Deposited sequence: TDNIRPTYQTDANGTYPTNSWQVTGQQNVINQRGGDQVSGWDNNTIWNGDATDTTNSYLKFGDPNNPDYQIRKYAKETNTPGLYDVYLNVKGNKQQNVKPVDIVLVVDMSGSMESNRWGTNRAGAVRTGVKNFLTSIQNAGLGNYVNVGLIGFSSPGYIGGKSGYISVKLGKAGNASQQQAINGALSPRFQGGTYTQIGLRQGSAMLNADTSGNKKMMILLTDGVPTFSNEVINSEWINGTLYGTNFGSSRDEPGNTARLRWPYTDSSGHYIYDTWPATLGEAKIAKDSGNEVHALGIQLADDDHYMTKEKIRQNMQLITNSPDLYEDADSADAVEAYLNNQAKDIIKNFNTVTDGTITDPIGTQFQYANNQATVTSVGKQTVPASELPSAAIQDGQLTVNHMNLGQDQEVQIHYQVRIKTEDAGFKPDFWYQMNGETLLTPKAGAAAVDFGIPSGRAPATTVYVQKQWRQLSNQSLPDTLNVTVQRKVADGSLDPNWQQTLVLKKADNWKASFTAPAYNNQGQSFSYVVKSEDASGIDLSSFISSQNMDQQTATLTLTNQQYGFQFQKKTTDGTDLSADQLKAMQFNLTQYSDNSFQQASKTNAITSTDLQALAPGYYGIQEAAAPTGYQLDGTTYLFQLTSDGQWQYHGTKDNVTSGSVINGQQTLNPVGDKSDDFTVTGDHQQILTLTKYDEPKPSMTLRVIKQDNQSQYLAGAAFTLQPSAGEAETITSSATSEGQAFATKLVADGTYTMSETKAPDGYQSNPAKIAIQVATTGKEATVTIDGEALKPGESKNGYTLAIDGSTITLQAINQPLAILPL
């Protein structure tokens, strides 16, 4: 068998069969080639791996052309990666060139048998036929002893005999069946049957197995005189016999009982009959018996007692059976035929031991046994197969000519273990052994190997910034998988390579699925990324783990309740401050910076406030500080105001805020990934006043052409020229609430005296009234001072100015 012990190699590619084959179209399993003891390994390097195959890649023991047994172990990958079908096939045979067995049929041909007789005739004929049809004709010598009583069947002898002969032989068959053909008649001298059957068995010392099968209805009515006897386990056994005979004829009970030379009482034919059986057994014969429709022995002995006695004729009770009908008789003999045929199997109570390989686990604990040879192994003869404690064991294998069994189980390669190598052959079994019979040397199945291939996984960084400033040139990341505490993979993602790198890993996990990877970046000292909030996704289709760094930000837009546009001048006086807080109480600012309506400020997760500190010129100040939060996962939350802090509501799309006269402020979340929080802040205008000048000469005529200039406190100077009309001329510049202004005639018209008087106007907080002074002195509506008369009607301030002609020395 040296020529067919599977050999394995181990090297940088793993451990695998040196003489191998592959399954057509699969690259991750490798099996052991078949062979025979003469030629060695077969030439079959690839075939389909179909489990219904019974011809390819077997290891054949004995005659290469007619093996004693042949075996196969191979694996095939399933449609689930890492999960393999494994199959063990074993086919048997009938033995060749071994000694025959000798069987003597000992047939009760007494009258009490004849419809018993007819089932015996047919049963015996089928017994011989069965052995012939199984090709064991030449391995079974069968003889016959038929008994009745002296004078009937056998003549004086009381028995007939057909010598031991091959069961397969036509003339031997005829001789046996011809001998059993006369009508059964006479007494029942069971002792002579047992004696002569044993003598036939013992006539040589070839060393063949010796077997006697006794067919009787169980009541011996003739026996030899019992001379000595022994009591053994509370039954009486005759041990020495005279030539005189006890002849009760139609019952076992003696007419004239006696005490024998061992001082034991003999009152029936049983001591003699059991005695003779004991003598046969002691000589090395195996005695089987069929009790055919046992009936009460008149009113002497119950059928139950007879049955008890019958169970002592055989070597053990096991080897006595009852037959209740003609079919039971044929079935018994058929089963005796099968048992004898089974005797010549090359595999008898055979076993397989199959420990799973280190790098594999059982998919499940199911080991399915099926018959697949041309001759069926019935469900009751099929061996047992069980998986337990990392071992598949197959027991009670019984296989004759053209009988083959297949055992199927499943194993999964473990890729997750810390030491696992992809693209590396691991054996699916430990040493896997058929022991075909008790005491026989074990023989090896060929062990398959499996592997999981490596695959390339890509890691990519995606940046979504609010600027397009310089990003870092590199970024360090760490990959992990599901969380696996040993497995890690660091990578350097580089601007130069489109922010993409790769690693290799096993293509699938312990369950044959793609690994779920997670990735995280490390801090880079030279650049601040607290304003980026990362998210990730493995796209199995592209084999790419993308880490998305999303920048978040805040901005505001400023509006007016009235609906007018704001000047660039107006926006110059406006101030907004962004505050950041330490915690969700917003009780302590960590910082406060100016933010304009053209800014988009990147924000790290935190707590924040936005407040108008100064209104655009013309508009009222709303000093409300709105409070908000950017969470760690890029959620926006509204936390009310400084006056009334709330616990934080998620802002979903928009969140309407406090009323501003006519309108409401709002927070609105914008940008394509909700990355921008936009404040819309409204401003309501300050109520205002208009200033107009009426101009006259010293004689009540309106006087065009006098220049008057209005100087706002922090605003811009405006000059107008008087009309020659009662309506006068207005300034376009609105005198807004709280505002300070001065005015004077900056250019008298030609021929008129300049008037240097200084009008100061201070508008009330309401913006619906004003206080007026002139060269420091209070001037009230209706009153006059230094050429000016004041009137105030609603929100209109009117100054009537009188111009004096240049003085002339009169002549």
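Check: Could you give the ranges of the deposited sequence that carry no C-alpha coordinates?
Finding: Model skips 115 to 120, 489 to 493 of the deposited chain.
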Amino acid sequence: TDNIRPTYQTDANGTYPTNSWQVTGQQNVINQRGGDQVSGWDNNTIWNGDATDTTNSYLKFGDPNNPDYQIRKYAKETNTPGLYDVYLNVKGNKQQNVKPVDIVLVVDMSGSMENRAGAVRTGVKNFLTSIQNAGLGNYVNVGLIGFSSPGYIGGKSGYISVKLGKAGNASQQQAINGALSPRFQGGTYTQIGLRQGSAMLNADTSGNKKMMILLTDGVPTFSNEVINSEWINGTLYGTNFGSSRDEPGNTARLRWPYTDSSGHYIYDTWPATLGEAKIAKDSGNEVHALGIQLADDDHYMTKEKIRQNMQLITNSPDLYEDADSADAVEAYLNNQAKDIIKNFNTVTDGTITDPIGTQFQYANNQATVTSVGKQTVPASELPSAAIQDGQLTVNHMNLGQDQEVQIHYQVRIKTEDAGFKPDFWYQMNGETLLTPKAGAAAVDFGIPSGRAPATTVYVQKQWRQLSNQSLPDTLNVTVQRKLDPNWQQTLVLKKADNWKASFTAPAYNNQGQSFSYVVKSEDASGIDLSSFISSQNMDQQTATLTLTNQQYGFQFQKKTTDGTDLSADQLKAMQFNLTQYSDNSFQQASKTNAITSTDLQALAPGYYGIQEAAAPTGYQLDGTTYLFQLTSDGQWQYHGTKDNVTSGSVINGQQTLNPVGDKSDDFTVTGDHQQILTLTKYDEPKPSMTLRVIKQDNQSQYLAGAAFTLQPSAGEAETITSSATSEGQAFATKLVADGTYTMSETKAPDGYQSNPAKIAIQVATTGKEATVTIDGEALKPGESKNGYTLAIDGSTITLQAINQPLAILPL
From here on, numbers count along this sequence of modelled residues.
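Item checked: Mean Cα B-factor comparison, 359 to 367 or 479 to 487, giving the higher one as deposited -> Taking the mean C-alpha B-factor of 479 to 487 and of 359 to 367, the larger value falls to 479 to 487.
Next item on the list: Look up the CA B-factors in the entry and say which stretch, 631 to 639 or 544 to 552, has the higher mean.
Entry: If you average the C-alpha B-factors of 544 to 552 and of 631 to 639, the larger mean comes out for 631 to 639.
Notebook entry, point to check: From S39, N66, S754, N44, pick the one with the largest CA B-factor in the entry?
Noted result: Among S39, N66, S754, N44, the PDB entry lists the largest C-alpha B-factor for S754.
Next item on the list: Determine which member of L710, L677, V405, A440 has the highest CA B-factor, using the values in the deposited entry.
Entry: In the PDB entry, the greatest C-alpha B-factor among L710, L677, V405, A440 is found at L710.
Next item on the list: Could you tell me which third, lowest, middle or highest, the C-alpha B-factor of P378 occupies within its chain?
Entry: According to the entry, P378 has a C-alpha B-factor in the chain's highest third.
Check: Based on the entry's values, in what third of the chain does the Cα temperature factor of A791 lie: lowest, middle or highest?
Finding: For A791, whose C-alpha B-factor we compare with every modelled residue in the chain, the answer is the middle third.
Item checked: CA B-factor ranking of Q570, expressed as a third of its chain -> Answer is highest: the recorded C-alpha B-factor places it there.
Item checked: CA B-factor placement of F127, once the chain's modelled residues are sorted into thirds -> Middle third, going by the recorded CA B-factors of the chain.
Next item on the list: Compare the C-alpha B factor of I387 with those of the other modelled residues in its chain, then answer lowest, middle or highest third.
Entry: Tercile = middle for this residue's CA B-factor.
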